[PDB]
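Encoded as structure tokens, the following chain is the form deposited in one PDB entry, with no partner shown.
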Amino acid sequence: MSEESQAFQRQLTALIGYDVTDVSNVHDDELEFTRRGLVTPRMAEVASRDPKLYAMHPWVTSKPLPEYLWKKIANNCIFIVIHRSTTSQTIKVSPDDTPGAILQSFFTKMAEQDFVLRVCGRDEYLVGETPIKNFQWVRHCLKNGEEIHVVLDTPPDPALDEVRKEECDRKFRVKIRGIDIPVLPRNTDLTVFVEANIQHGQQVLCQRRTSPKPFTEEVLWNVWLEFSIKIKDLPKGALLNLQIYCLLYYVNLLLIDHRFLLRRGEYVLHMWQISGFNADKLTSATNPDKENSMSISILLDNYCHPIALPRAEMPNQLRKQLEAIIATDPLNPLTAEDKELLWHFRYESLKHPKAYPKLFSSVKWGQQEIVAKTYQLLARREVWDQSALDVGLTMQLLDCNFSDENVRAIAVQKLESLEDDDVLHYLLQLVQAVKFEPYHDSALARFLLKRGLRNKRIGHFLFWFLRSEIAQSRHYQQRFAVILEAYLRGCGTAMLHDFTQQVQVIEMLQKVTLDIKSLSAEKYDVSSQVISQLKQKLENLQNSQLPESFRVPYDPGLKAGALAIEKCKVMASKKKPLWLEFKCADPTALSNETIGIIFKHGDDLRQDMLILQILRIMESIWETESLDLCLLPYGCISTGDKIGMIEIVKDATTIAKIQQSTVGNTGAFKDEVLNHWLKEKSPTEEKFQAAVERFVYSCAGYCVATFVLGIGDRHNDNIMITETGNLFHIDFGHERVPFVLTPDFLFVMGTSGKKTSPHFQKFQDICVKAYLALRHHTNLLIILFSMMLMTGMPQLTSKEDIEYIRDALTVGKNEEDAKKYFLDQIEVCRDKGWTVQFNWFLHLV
């Protein structure tokens, strides 16, 4: 390759945080084949993208303006303040005007044609043919009662986006030779055997074991394990799952490779251990640590290529049984009797898209004759292709329960029709979904590829999402690094530049973030000594190695300029994270405000990303129902290991320490303090009324959203409010109360203990409207939740843990019983009062 082609690839590694040209931990060519395989899709999308539109990345939507946002326009007239930067002239606009119509009517109303609008202070353009009402930045202003300011400047040069050119009927069997391990320290010497499973989609097809023996650094068996399943009956994407019990270690080997060739030869596999189910147990990856990790030596010998090739109406009562089956929630288990009905009737089942996950779970994947039929069945997809895209339904086909490439591919087919507004909504969960893919190159992996390359805002978050995992998952980091590399070769030198800047800042500051944790420990107090250094270090960073500006990873519209070293401070949290503030690099930025970002170590910010994302989902669901719950899913991006950044919400304080308004160094509580905090924080009386109004919506929001996610019981310390009346939860790492509805909250709604008011009626009433809107999405919520547990939490009950949300969403009831159920929850919160809050700190010491 060229000498530069290598200076290039090292650049790629520093951005990735992993070296994908490194072949030390692979027993095959799957990953390199996948690098090569992705070259076409990469090149295809770069080739098909309009350079101009790709350069300006307009953020748009096809959805109708919600009703709550139409009213906020009581004229059919929108006002745009256009600033050429000396005199700015406002304009009265129709909701249907394209950018071009206003750029046209802006030169008319001034009593060469290639000038564009910009959102003052952000890298957001209003451009392309879309009605201004369909632009996100605009809907964002209307929701917040905010003026639309646009400075007029020149379109960005697409040259900057330039991309560098490129360059048998036998029963299956496996011999288990034995297991070598460098050291075994534990306490009680025990017996150790090996459990071999044939797996397809978390379904175990066949299982065998070895004779247990004394546990030693090396154990030899030299045993052939003969399975029942015949070689031809092995489905593509079938795993050999090898586990050691006494369950200590596990490792996986794909039985059919990326060429559809059956696996043969000798294998020494380095395994994963366990801490005293979960998506990591699925990985075709081997433990990179060859020094400290159990290994297994096995043998495969068998024959070549197994490949893939190309009237009765139900009595009513059976059709009624079938229909009862399809209706059940995603978590509801299928009997043998259930599956046989679903199967025998496959042709009927095909007319019901909501039945596909159950129907495909009714397949014997261990039988080539049956799989073949399944494909014949898939061949006539008419009903599936024409159906309305159901995201929750599509998402079910991408989980750990489906290992078939054709099954998963149809789900991806249906995603193809998602426009960027919605891909952004689901990007994080789809990327996590990559983990359930049997092979590194996948239809889904390629769709994330195209979508990121086609759009910079998608590309931006794709990048960070992938880098999050690559840094923190030895399990999935190899496959992700290949996908990230694929992306980076297509995104343009412009973004390639941004990422590097972003990356430099993040390392530099993650460095500081840890060094400050190490010196100081939990008083929890902040040494004047610690503080002076925190300034010492940061100041050197500002001068010595500064990337003069950078994109804010959770808000890529915004470029942070230089730090304000004076407003920076260590946090008194328990982990001692940094509280940082930057100047905005955009001088045309309208406000004088800095950009606060909190850098922290010791939380898994990955669970927090996932949680914040589901919140952004509940919002979009309500938007479709014309609801606004005034949530505040602040930006949070995971980066390291127990490390990442978080967006500072301006003017927010903790509800706790609003309690501390009068005293604060013990506990207890007092009603009306909060409403007192509000009058005090409102400039006018009209703004105080608005604050009480906002707090009612935002409180109703976190009440419903939190209850469903089963995170509803939180310390006052984790709840925050703005000086503007907006309430929001934080720190989502991980008797009871359904949620937090306290007398201090209630007091602000105008009631103190049992009684009722005009605002308090407004609250209950919203929750119920909000609550029932979610229930319409239960399956969507259930799948998202379950996937979040598998990919995002530690080892879970992929039975019990998932269920909370089933009971929570009142699956199976009618909207009537439900409305009551939730209202009772409010009563339950009125009955605890301060009892729940009061208990934290009891065990503190």
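Definition used throughout: the rigid core is the maximal C-alpha set that superposes within 1.5 Å between two forms. Position 1 is the first residue in the sequence shown; the rest follow in order.
Only in words, not in the display: the form deposited in another entry, which the text now covers.
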Practice problem: Tell me, with the core superposed, which single residue in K143, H759, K213, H344 has its C-alpha moved by at least 2 Å between the shown form and the other one. | Solution: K213
Self-check item: After fitting the core, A494 CA displacement of 2 Å or more between the shown form and the other one
Solution: no
Exercise. Once the core is aligned, please say if the CA of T335 is shifted by at least 2 angstroms between the shown form and the other one.
Key: no
Quiz item: For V223, is the C-alpha shift between the shown form and the other one 2 Å or more after core superposition?
Solution: yes
